[PDB]
Amino acid sequence: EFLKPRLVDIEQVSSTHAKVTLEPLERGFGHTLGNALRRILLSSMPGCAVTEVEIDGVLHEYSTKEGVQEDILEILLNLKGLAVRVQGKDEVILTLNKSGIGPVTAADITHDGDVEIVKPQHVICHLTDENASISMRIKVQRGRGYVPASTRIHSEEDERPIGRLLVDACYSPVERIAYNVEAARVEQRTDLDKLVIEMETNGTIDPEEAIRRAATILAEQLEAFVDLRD
Amino acid sequence: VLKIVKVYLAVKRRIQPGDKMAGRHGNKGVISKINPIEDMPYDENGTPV
């Protein structure tokens, strides 16, 4: 009859690349599980991302600042890719404060105990003025999917402050998923296959936790079909 | 006329189903719809198109 696939060794190709394997899976179930998990991962994972950036120097997205090789436009574009995970608070306000010439990177942000920057060498900007200071108040919060910064503006009829810049928030920890089903040989019965899922994620989610959350979402969705109300 | 005040307004227009998006060769098109990334096809490595 049935034998449940069991999680086996989760190796780390890199801090962003992980392969999770399910060895004891019956024939005909490999592609089903792989497709379902891939869709859930690219669809329903929670993640931390930036929404509001409050740069002291500039007033709007299209105004440049002194001593930077990058427009505030690219400041927001690079802050979009900020790989960050939060644990206790669903919403946090990171503070970046740096003066002097040099490439201002992600590690330069004042990191709290509830916030971990999994990408420290991520370049934010380049401060080319010997005595200018860059001060950012970056709002990073939890979410799912992709919310363009054009929906919360309708919820309050334009942001009351002017210094806050809205960034389209992509709460997608995973950006690449593939699954391969291979003919496994095991003492368990004679007909089982192994499913290997290779994952490129921003490193802000544990691969085991990602798979567990995906399976939880799949089960909660299948709950309705398991028990038909009518 | 005494004064002339010109105001510049910046709109961040994002691509969406319907915009005329075309290639170099005369290849044309209208954006059909923005299907989720998972719905897009993927190769062996898993890279979506």
# chains A, B, ... in the order shown; residues from 1 in each chain; ligands from 1
call {"tool": "closest_atom_pairs", "arguments": {"of": "chain A", "to": "chain B", "cutoff": "8 Å", "atoms": "only C-alpha atoms", "output": "tab-separated table"}}
result
residue	atom	partner	partner_atom	distance
A:38	CA	B:38	CA	7.5
A:39	CA	B:38	CA	5.6
A:42	CA	B:38	CA	5.8
A:43	CA	B:38	CA	7.0
A:176	CA	B:47	CA	6.2
A:177	CA	B:46	CA	5.4
A:178	CA	B:46	CA	4.3
A:179	CA	B:46	CA	7.6
call {"tool": "residues_around", "arguments": {"residues": "residue A:130", "least_positions_apart": "6", "cutoff": "8 Å", "atoms": "only C-alpha atoms", "output": "MDAnalysis selection string"}}
result
chainID A and resid 99:101
call {"tool": "write_last_selection", "arguments": {"atoms": "N, CA and C atoms", "output": "mmCIF file, in the first residue's frame"}}
result
data_model
loop_
_atom_site.group_PDB
_atom_site.id
_atom_site.type_symbol
_atom_site.label_atom_id
_atom_site.label_comp_id
_atom_site.auth_asym_id
_atom_site.auth_seq_id
_atom_site.Cartn_x
_atom_site.Cartn_y
_atom_site.Cartn_z
ATOM 1 N N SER A 99 28.465 58.161 7.603
ATOM 2 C CA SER A 99 29.106 59.322 7.007
ATOM 3 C C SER A 99 30.444 58.915 6.404
ATOM 4 N N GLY A 100 31.016 59.822 5.625
ATOM 5 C CA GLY A 100 32.302 59.590 5.008
ATOM 6 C C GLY A 100 32.195 58.806 3.711
ATOM 7 N N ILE A 101 33.249 58.915 2.902
ATOM 8 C CA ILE A 101 33.265 58.253 1.606
ATOM 9 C C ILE A 101 33.341 56.746 1.799
#
call {"tool": "residues_around", "arguments": {"residues": "residue A:13", "least_positions_apart": "6", "cutoff": "10 Å", "atoms": "only C-alpha atoms", "output": "list in words"}}
result
residues 19, 198, 199 and 200 of chain A
call {"tool": "select_by_dssp", "arguments": {"residues": "chain B", "states": "strand (DSSP E or B)", "output": "list in words"}}
result
residues 20, 30, 42 and 48 of chain B
call {"tool": "atom_distance", "arguments": {"atom1": "atom CA of residue A:62", "atom2": "atom CA of residue A:48"}}
result
25.4 Å
call {"tool": "closest_residue", "arguments": {"among": "A:26, A:208, A:90, A:11", "to": "residue A:190", "atoms": "only C-alpha atoms"}}
result
A:26
call {"tool": "residues_around", "arguments": {"residues": "residue A:214", "least_positions_apart": "6", "cutoff": "7 Å", "atoms": "only C-alpha atoms", "output": "PyMOL selection string"}}
result
chain A and resi 37+40-41
call {"tool": "write_last_selection", "arguments": {"atoms": "C-alpha atoms", "output": "PDB file, in the first residue's frame"}}
result
ATOM      1  CA  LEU A  37       5.504  22.163  -3.394  1.00  0.00           C
ATOM      2  CA  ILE A  40       3.287  26.726  -2.916  1.00  0.00           C
ATOM      3  CA  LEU A  41       6.858  27.983  -2.492  1.00  0.00           C
TER       4      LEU A  41
END
call {"tool": "atom_distance", "arguments": {"atom1": "atom CA of residue A:55", "atom2": "atom CA of residue A:91"}}
result
18.3 Å
call {"tool": "atom_distance", "arguments": {"atom1": "atom CA of residue A:109", "atom2": "atom CA of residue A:147"}}
result
24.3 Å
call {"tool": "select_by_dssp", "arguments": {"residues": "stretch 4-230 of chain A", "states": "alpha helix (DSSP H)", "output": "PyMOL selection string"}}
result
chain A and resi 30-43+72-80+207-226
call {"tool": "closest_residue", "arguments": {"among": "A:87, A:188, A:97, A:15", "to": "residue A:57", "atoms": "only C-alpha atoms"}}
result
A:97
call {"tool": "residues_around", "arguments": {"residues": "residue B:34", "least_positions_apart": "6", "cutoff": "10 Å", "atoms": "only C-alpha atoms", "output": "PyMOL selection string"}}
result
chain B and resi 15-17+40
